C-alpha cells in the first residue's frame, strides 16, 4: 500500500511531526511511504520577513494525491482552521472530486499549535474536506483523540511518539485494505 504524508509547515513544527509520522508508517511491512509538502504561497520575500523555515521536501501536485491508498495530512493550527496554504492546495482538488479519485481512500490529520487552543477545530474542519472527497477518516482515539498534535508555547519526545503511532496505525489499515 502507498502512504503519502502531505504537509504544510512555516516554522518547521509540522515538518518535524511529518518525519515522525513517516517513520511510524515505515514500520509497517508492505507500506510504501512518501513525504511531500504543499507549495508555499507567500512570495519568498514575505516568507523570509516572517522568519519562515525554508522547506525542501518535494512539492506535491493536487492531482497526484490519487496515486496513494492513504494520505496523512499535516497542518499548523491557524485560528482553528488549516493554513491558507493547505486550503489553497485543497481548493485545487476539484478535478479529483469530480472524478471520485480519492473516494474510499484512508485519510488522517495531524497538527501543531501554540498554547491558545484551536487544534481540535483545525483537525475536525480538515476532516470535513476529506469527507467531501469520500475519504475514510482515521482518528487516533486514546492531546486529542482526533490526531497527533504538538504544542509549543521543538516537539516533545511523547508528541513524536504519538505521531509515529498515527503513521504506523494508518499504514497498517492501508495494508489491511490494499495489500
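Just so we're on the same page, rigid core means the largest C-alpha set that superposes within 1.5 Å between forms. Residue numbers count along the first chain shown, from 1.
Between 143-151 and 62-70, greater CA displacement relative to the shown form is found for 143-151 when the structures in 8 other deposited structures of this protein are fitted on the core. In the deposited sequence, the stretch from residue 142 to residue 143 hides 10 or more residues that have no coordinates. Here 3-11 and 169-177 are compared by their mean Cα B-factor, and 169-177 comes out higher.
Taking the mean C-alpha B-factor of each stretch as recorded, 99-107 and 82-90 are not equal, and the higher mean is that of 99-107.
Between the residues 119, 150, 125, 63, it is 63 that shows the highest Cα B-factor in the PDB record. The entry lists C-alpha B-factors for 28, 38, 70, 135, and the highest of these is at 28.
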